[PDB]
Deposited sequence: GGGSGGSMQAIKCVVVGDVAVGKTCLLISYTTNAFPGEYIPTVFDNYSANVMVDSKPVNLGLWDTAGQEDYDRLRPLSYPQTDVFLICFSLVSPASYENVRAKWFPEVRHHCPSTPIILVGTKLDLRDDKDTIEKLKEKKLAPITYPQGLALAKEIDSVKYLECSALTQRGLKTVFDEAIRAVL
């Protein structure tokens, strides 16, 4: 019955499309066309999932999707400190400029990779380490997110929670 709009933003390759597709179809992919999806879920809610292009080239046009958004998911890769930094450097500021009062959920992605051997190896070779939970929770508090939630589109762990809370942030 109730219609809720949800826009997903964040650095390219943090897993925004896989996130939305894995949730809407319960399967893990990748479509190149930036699209919007939908889902009927009980929290009666018709959730509209709007994907975005995080590249800089679309900095000016991206925000055209923002108007009338009910809730935002600002995502960052749990195995990418760079995407973590850009949350406060770019995404939180951008969302707030266009939509000052709209609720925000901070989403950590690729949780399945935080414990991955070869992955930790890679980050280590660059003097970097995966974003621990406390760290993610800290950032959420900084930007005053309604909630901080970690998920994995590959295993779908915590996935259902992310969108349930994104909905409860509206109802």
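Novice: In sequence order, which parts of the deposited sequence are missing C-alpha coordinates?
Specialist: Unobserved in coordinates, per deposited numbering: 1-7, 37-39, 54-56.
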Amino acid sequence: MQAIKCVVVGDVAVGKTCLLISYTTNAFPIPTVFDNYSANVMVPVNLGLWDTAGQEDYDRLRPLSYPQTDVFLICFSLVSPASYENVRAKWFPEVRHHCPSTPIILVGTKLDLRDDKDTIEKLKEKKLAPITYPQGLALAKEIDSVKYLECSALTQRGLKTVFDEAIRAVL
From here on, numbers count along this sequence of modelled residues.
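Novice: What stretch has the higher average Cα B-factor here, 99-107 or 122-130?
Specialist: Comparing 99-107 with 122-130, the higher mean C-alpha B-factor belongs to 122-130.
Novice: Looking at the C-alpha B-factor values in the deposited entry, which of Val33, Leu47, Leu137, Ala53 comes out highest?
Specialist: That would be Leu47.
Novice: By its CA B factor, does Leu61 count among the lowest, middle or highest third of the modelled residues in the chain?
Specialist: Lowest third.
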